[PDB]
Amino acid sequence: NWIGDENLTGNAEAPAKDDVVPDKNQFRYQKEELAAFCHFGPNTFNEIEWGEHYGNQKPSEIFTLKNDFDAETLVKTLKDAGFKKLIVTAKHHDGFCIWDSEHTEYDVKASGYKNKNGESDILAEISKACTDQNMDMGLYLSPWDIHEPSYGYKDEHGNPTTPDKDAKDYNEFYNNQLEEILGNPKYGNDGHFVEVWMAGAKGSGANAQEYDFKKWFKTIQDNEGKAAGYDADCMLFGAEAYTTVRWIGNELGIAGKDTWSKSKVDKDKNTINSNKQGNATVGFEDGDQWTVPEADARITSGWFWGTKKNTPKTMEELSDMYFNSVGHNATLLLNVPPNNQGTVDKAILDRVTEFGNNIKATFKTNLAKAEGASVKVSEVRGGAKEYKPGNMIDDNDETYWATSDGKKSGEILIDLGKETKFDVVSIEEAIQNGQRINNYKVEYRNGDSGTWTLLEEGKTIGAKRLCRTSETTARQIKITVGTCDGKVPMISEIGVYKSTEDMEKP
């Protein structure tokens, strides 16, 4: 006996939230799904991924951009394709700064680069374009610095020594560059960054350098967090127990099929465990800190553009990436690298646009809301209109279906209203109240009776579960979701889709 939206006159309290919930930045990021990376700097000009070998070459020799950087085309293309954030390499491992920095002469101001307006600040140009399009921003500032003399332990003569005799403290240099960028309103979206990216990667032979994450965290939040009057702390990647955005554990855009947005942290020992299983961090059902699972990936073969690494991935590769990241409760952070002309190759921009168009066309028509279709449930929390099944098809992440206290599992019946072709089932857990679902099942059949065919079963839902199959014909789809004893499931949205040709399962 299936329950619809009609004649619900009951009362219920909201389900208790989980102990561990996303902050407002983490929740917005998980619902944005798509972010863009922008790697740009001397490596763009030198056919290399790690700029380890510049030595004493001048900024003007290694950063040779001769045209005004085209931030407007990049940002417009990304915004039109559905990307909601741009994370910029202000400084890569080479140490070259693409903003005008008073703390170093190893920067774009020293390179001789000037835009149409006589300014020398690529990070400011990108920030202006992002601000104009209301594109949120992240700041990538490499902890490892191959150039900066304060990096490592060196005496007043520049020769290796012990930490007590180190003449210049890299932790102060890095902190000062954080303050210089984050404290200046010409950087960010209207002065604001929502994510700081601290790469953990470092050369095997590089100098030892202990990082003062506590110091840097304070500078970040005093500029971009609750202490600065924002509604959440600025998200941090690569900051030990301060981490609020975790690395998915590979650079291929792949999240584990059952991914939890939670890690185990030790604030005293400054550690984080995100449960590495095979090639991905799958998190913990009982994790004590929300971490957004962030799958960083390259649209080309490298992070930097180059003449031998400018062919963009195919739609087959990018569709697989989408379903294995966004469809597995992870964000996709896709790099789109500018070229040595300060533009983006037309082939790369066209593939970004094609990828965005395919995602939009795939999710345009929710077959759970087509003519004659209906969404019903096995039970409605308190028989209350506040938890009605139509809350799963209202395109409002704040409204959800849930069951009554004592009912840890429920079923959703989607009647498509006729025999219907589909290949994607979409399920979104109301993660503002926690990630708690630990079993799901999706089944389908012809007609309105008889046995069910299994589409998919697994553990997690989280921000988004996409179940992608081969083209299937059905009249009805049944979704089962369950949590542990003493909790109830909360589903904010569901959908059924037929993907575009270039998003179909191979």
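The first residue of the shown sequence is 1; numbering continues from there.
Higher mean CA B-factor, judged across 228-236 and 113-121 from the recorded values: 113-121.
Of the two stretches examined, 414-422 and 98-106, the record assigns the greater average C-alpha temperature factor to 414-422. When the C-alpha B-factors of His93, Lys407, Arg298, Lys215 are read from the PDB record, the largest value belongs to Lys407.
In this entry, the residue among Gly82, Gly372, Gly390, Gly138 with the greatest C-alpha B factor is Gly372. Ranked within its chain, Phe40 lands in the lowest third, by CA B factor from the PDB record. Ranked by Cα temperature factor within the chain, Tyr444 sits in the highest third according to the deposited record. In the PDB entry, a CA B factor belonging to the middle third of its chain's modelled residues is recorded for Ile359. Residue-level temperature factors show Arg351 in the middle third of its chain, judged at the C-alpha atom. In the deposited entry, the Cα temperature factor of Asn396 sits in the middle third of values across the chain's modelled residues.
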